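What follows is a pair of forms of the same protein chain, given separately as C-alpha cells and numbered structure 1 and structure 2.
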Structure 1
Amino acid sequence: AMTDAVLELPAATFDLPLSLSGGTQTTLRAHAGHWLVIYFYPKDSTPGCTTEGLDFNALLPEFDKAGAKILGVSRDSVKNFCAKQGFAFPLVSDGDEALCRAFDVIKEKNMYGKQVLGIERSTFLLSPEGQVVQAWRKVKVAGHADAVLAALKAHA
C-alpha cells in the first residue's frame, strides 16, 4: 500500500529522552495521538539549521491544522544563532545520539580532509500510532518543508 510504513523502529526509541529549551525532557511517546514531523539537522551548519527551521516555522499553522506537530533534532556538541531564532516548535538535543542511531542518521562525512561521523540531514513523518510512513535523507532544503506538508496531507 502507498500508505504503508517505510521504516521499522526499535520500540524503545519512543521513550528515549530529548532535551528541550529550559532543560526539561520530552519523548516520541509524548507525541502519540497526532502526526509528528521529526527532522534531524547537522550542527556544523548554522545557515542550514536557520533556514530549515524558519521554513517549518512559517508553515507551522498549516501543519497544525493538518493535525501534526514538529520536532527539530540535533546533538549538542562542544565543538547558537539557530537556537536563538525562536521557532514556535521545539528544538531538542539527543545527548548521546541514541535517537539519531535509531533512525540511522549518523553517517561518515568528510570535513576538510578528516573523516568524521555526523548527522545526515533527514526527516521522518510518523502517524499518530508511531508508524514511519515516509522518509527523506540527505535532504535538499529548498522546497523541503512544503514537500513534507504535502506528504502529511496525502496520508490524511
Structure 2
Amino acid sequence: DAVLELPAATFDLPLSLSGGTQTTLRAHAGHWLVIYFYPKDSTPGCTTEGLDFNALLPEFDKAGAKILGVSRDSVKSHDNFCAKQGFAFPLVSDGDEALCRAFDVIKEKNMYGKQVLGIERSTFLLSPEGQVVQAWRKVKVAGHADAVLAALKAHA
C-alpha cells in the first residue's frame, strides 16, 4: 500500500520551519500528513497553492491531518510569505534539498543548452504510521488542494 519507500533516515531529518522551530516526519506519527512541495515562495502559482490549502485547513483538521509546505527558500523568506498570506500551517525551509531528494522531487530539464535542476511541484499523503500512500507529481495548481483533500477523506 506504499507508493514510495523513503530512506529510513528521512523520518529523522531535522526540518527547519517557519517561525524558527524544527520538526521531523516521525514527530507527526499518529495522524495524516500532507506534504506539498512547491518550487518557490511568493510566486503567483505557489501563492495560489498555499492559499488554496489554507482555505481548506478546517476540512483537513476534521480528519485530524496536518499540512506541511516545502521549498528550499530560507526561513526568513518563509516567514515573510506566511505573514503576507496568513497561512496557518508551517513551511519547511529545505535549504539543502534533503527532504526534496528523499521524495525525488528534484528534476532535471535540458534547457538553455544545459541541464537545469529544480523542484517539481509534488504532493504526498503520509499515513499515521508514516507510509506514503498517495503521490501527485508535476502538479498543476488549479483544483489540486481539492483533489488532495478528497483523496485524504477517501484514505482516512
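In this text, rigid core is short for the largest set of C-alphas that superpose within 1.5 Å between two forms. Just so we're on the same page, residue numbers count up from 1 along structure 1's sequence.
**Student:** Answer yes if the Cα of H34 shifts by 2 angstroms or more between structures 1 and 2 on a rigid-core superposition, and no otherwise.
**Tutor:** No, the C-alpha moves less than 2 Å.
**Student:** For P61, is the CA shift between structures 1 and 2 at least 2 Å following rigid-core superposition?
**Tutor:** No.
**Student:** Using a rigid core alignment, state whether the CA of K109 is displaced by 2 Å or more between structures 1 and 2.
**Tutor:** Yes; that C-alpha moves by at least 2 Å between structures 1 and 2.
**Student:** Core superposed first, then measure: what is the displacement of the CA of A150 between structures 1 and 2, in Å?
**Tutor:** In the core superposition between structures 1 and 2, the C-alpha of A150 moves 0.5 Å.
**Student:** Could the core-superposed CA displacement of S45 between structures 1 and 2 be given in angstrom, to one decimal?
**Tutor:** It moves 6.8 Å at the C-alpha.
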